[PDB]
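**Student:** Heads up: the sequence shown begins at 30 in the authors' numbering, then just goes up one per residue.
Cβ coordinates follow ideal geometry from the N, Cα and C atoms, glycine included.
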Amino acid sequence: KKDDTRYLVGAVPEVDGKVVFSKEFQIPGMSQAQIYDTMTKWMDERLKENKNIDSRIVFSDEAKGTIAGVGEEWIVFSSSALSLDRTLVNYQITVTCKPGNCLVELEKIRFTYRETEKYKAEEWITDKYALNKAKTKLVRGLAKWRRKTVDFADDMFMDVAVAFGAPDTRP
């Protein structure tokens, strides 16, 4: 019934054995300094929206146009009258600005579930664990983890596109 096309081959990229979601943005008219200033304001406001002390910009190098922040949020899987199924997620946002372009990476993703269960994205949502052998379906027990993390990354990349002037299509 569920259309899981988005979550199959290539949905969870790996770089040097680690999960890294990424998106490149082409903003050809903007200088490195203009992109860097847009991205520091965006990341500052985006992490302030998490409303916790574990969400903040922790690094910025203006000449190299690099910015990094850490974040902590709840990811909700489902909710019913009685129950609320959610996980904590901790992550790093890494932004690299160059003249006319921006790379946004979401990395170092780890989950804290029901206070004591700790899961690294690399041993949890990667193809190896979360796709069947043929890569046609999500492993049913891991599907909520892979779908909601991919949606979370897509949401972030849309947020960045909107910061660069794209119309927001989200409902």
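List, from N- to C-terminal side, the beta strand (DSSP E) runs of 3 residues or more that fit wholly inside the region 113 to 175.
**Tutor:** Within the region 113 to 175, the complete beta strand (DSSP E) runs of at least 3 residues are 113 to 127, 130 to 142 and 146 to 149.
**Student:** Report the CB separation of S51 from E134 in whole angstroms; it is logged as a contact under 8 Å.
**Tutor:** Residue mapping note: residue 51 aligns to position 22 of the sequence shown, counting from 1. Residue mapping note: residue 134 aligns to position 105 of the sequence shown, counting from 1. Right, their Cβ atoms sit about 5 Å apart.
**Student:** May I have the straight-line CA-CA distance separating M72 from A159, to the nearest angstrom?
**Tutor:** Translated into the one-based positions of the sequence shown, residue 72 becomes position 43. Translated into the one-based positions of the sequence shown, residue 159 becomes position 130. Each residue's alpha carbon lies about 30 Å from the other.
**Student:** Identify every residue that forms a DSSP beta bridge with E53.
**Tutor:** Taking the first residue of the sequence shown as 1, we reach residue 53 at position 24. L132.
**Student:** Mind checking who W103 pairs with in its DSSP beta bridge?
**Tutor:** As a first step, residue 103 is located in the sequence shown; it is residue number 74 there, counting from the start. Answer is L117.
**Student:** What does a CB cutoff of less than 8 Å around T165 pick up in its chain, not counting 5 residues either side in sequence?
**Tutor:** Residue 165 sits at position 136 when you count from the first residue of the sequence shown. If we look at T165 and ignore the five residues flanking it on each side, its Cβ neighbours are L37.
**Student:** Might you give, ordered along the chain, the residues of its own chain that have their beta carbon closer than 6 Å to the beta carbon of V179, omitting 5 neighbours on each side?
**Tutor:** For the purposes of this step, residue 179 is identified with residue 150 of the sequence shown, where counting begins at 1. Around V179: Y36 and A40.
**Student:** Using 10 angstroms around the beta-carbon of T145, count the other beta-carbons present and answer buried if the total reaches 16, otherwise exposed.
**Tutor:** Translated into positions along the sequence shown, residue 145 becomes position 116. Burial call: exposed.
**Student:** According to DSSP, which residues form a beta bridge with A97?
**Tutor:** One-based indexing of the sequence shown puts residue 97 at position 68. The partner list for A97 (beta bridge, DSSP) reads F88 and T123.
**Student:** State the Cα-Cα distance for the pair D32 and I96, rounded to the nearest angstrom.
**Tutor:** Working through the sequence shown from its first residue, we reach residue 32 at position 3. Working through the sequence shown from its first residue, we reach residue 96 at position 67. If you take the alpha carbons of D32 and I96, they lie about 35 Å apart.
**Student:** So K77 is in the alpha helix (DSSP H); what residue range does that whole segment cover?
**Tutor:** Residue 77 sits at position 48 when you count from the first residue of the sequence shown. First-last of the alpha helix (DSSP H) with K77: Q61 to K77.
**Student:** Check whether the region 147 to 162 touches the region 79 to 94, counting contact only when three or more Cβ pairs, one atom from each stretch, lie closer than 8 Å.
**Tutor:** Contact between the region 147 to 162 and the region 79 to 94 is absent, because fewer than three Cβ pairs lie under 8 Å.
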